[PDB]
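Below is one structure, written out as structure tokens; the observations come after it.
Here, each number is a calculation from the coordinates, and none is a lab measurement. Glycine also receives a Cβ, built like all others from the backbone with ideal geometry; neighbour counts cover every protein chain displayed.
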Amino acid sequence: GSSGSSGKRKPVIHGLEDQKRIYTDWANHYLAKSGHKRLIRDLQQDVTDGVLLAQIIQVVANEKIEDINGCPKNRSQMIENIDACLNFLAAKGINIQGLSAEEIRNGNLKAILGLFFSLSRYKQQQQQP
């Protein structure tokens, strides 16, 4: 459950744990908009298979990733998923260096956060005539 309205804006910090949310909403938007009932409950558990993760990228980016397993079963299979997303983003001009598909699969905040921290960038600053 995520809220979204136009109220008062004040200076406040969003610790690592706090960020996990901010991003969740940023993504969920791309999911719901595309008629996606299901939502992102645990950002750390929303990018462990790469499935739900790509469901957003392919949207915000408006592209399809054929390098996506689709149905992860093995501990490694899931990797390919997240991996494909990382390589797909890099080509778009998103700095992925430093991340680690493995870390993301485990649910390491520091990781997941880093992903949604760079991804959003790609979109931001997008003004075409």
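Here is a yes/no grid of residues against (1) under 26 Å from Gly1 (Cα atoms); (2) part of a helix (DSSP H, G or I); (3) within 12 Å of the chain's Cα centre (by Cα):
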position	(1), (2), (3)
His36	yes, no, no
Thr48	yes, no, yes
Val59	yes, yes, yes
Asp67	no, no, no
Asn74	no, no, no
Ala90	no, yes, no
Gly98	no, no, no
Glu102	no, yes, no
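Pairs only if they're at least six apart or on different chains, beta carbon under 6 angstrom, first in segment 89-105 and on the phi < 0 side of the Ramachandran plot, second surrounded by fewer than 17 Cβ atoms within 10 Å (Cβ to Cβ) and not hydroxyl-bearing (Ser, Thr, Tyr); list them, first residue then second.
The qualifying pairs are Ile96/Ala90.
Quick check on segment 76-88: of everything there that is among the aliphatic types (A, V, I, L, M) and under 18 Å from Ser118 (Cα atoms), which residue is farthest from the chain's Cα centre (by Cα)?
Checking each candidate, the answer is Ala84.
Which count do you get for residues in segment 16-34 that are of a type in the set (A, V, I, L, M, F, W, C), over 10 Å from the mean Cα position of the chain (by Cα) and surrounded by 15 or more Cβ atoms within 10 Å (Cβ to Cβ)?
The number of residues fulfilling the criteria is 2.
Residues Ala90, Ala61, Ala101: which one is farther than 20 Å from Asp18 by Cα, touching a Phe, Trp or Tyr at 6+ places or on another chain (Cβ under 8 Å) and surrounded by 13 or more Cβ atoms within 10 Å (Cβ to Cβ)?
None of the others qualify; the one that does is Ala61.
Taking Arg21 as meeting all but one of (1) farther than 20 Å from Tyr122 by Cα; (2) among the charged types (D, E, K, R); (3) without any contact (Cβ under 8 Å) to a residue 40 or more places away in the chain; (4) part of a helix (DSSP H, G or I), write down the number of the exception.
(1)
Which pairs do you get when a residue that is within 19 Å of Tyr30 (Cα to Cα), found in segment 61-79, comes within reach of a residue that is charged (D, E, K, R) and assigned to a helix (DSSP H, G or I), reach meaning Cβ atoms under 9 angstrom, with the pair 6+ apart or on two chains?
Partner pairs satisfying both residue conditions: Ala61/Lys92; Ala61/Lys123; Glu63/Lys92; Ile68/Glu80.
Does any residue in segment 106-129 that is on the phi < 0 side of the Ramachandran plot and hydroxyl-bearing (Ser, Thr, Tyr) come within less than 6 Å, Cβ to Cβ, of a residue that is outside any helix (DSSP H, G or I) and surrounded by fewer than 14 Cβ atoms within 10 Å (Cβ to Cβ) six or more places away or on a different chain, and which pairs are these?
Filtered contacts from segment 106-129: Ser118/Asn95.
Answer with yes or no whether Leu31 is in a helix (DSSP H, G or I), touching a residue at least 12 places away in the same chain (Cβ under 8 Å), in contact with a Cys (Cβ under 6 Å, 6 or more places away or on another chain) and not charged (D, E, K, R).
no
For segment 1-18, name all the residues that are of a type outside the set (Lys, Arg) and either assigned to a loop (DSSP other than H, G, I, E, B) or within 19 Å of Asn81 (Cβ to Cβ) (or both).
Within segment 1-18, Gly1, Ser2, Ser3, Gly4, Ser5, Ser6, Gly7, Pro11, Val12, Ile13, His14, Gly15 meet the criteria.
Tell me which residues, restricted to segment 83-98, are touching a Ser or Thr at 6+ places or on another chain (Cβ under 8 Å) and hydrophobic (A, V, I, L, M, F, W, C).
Result: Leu89, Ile94, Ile96.
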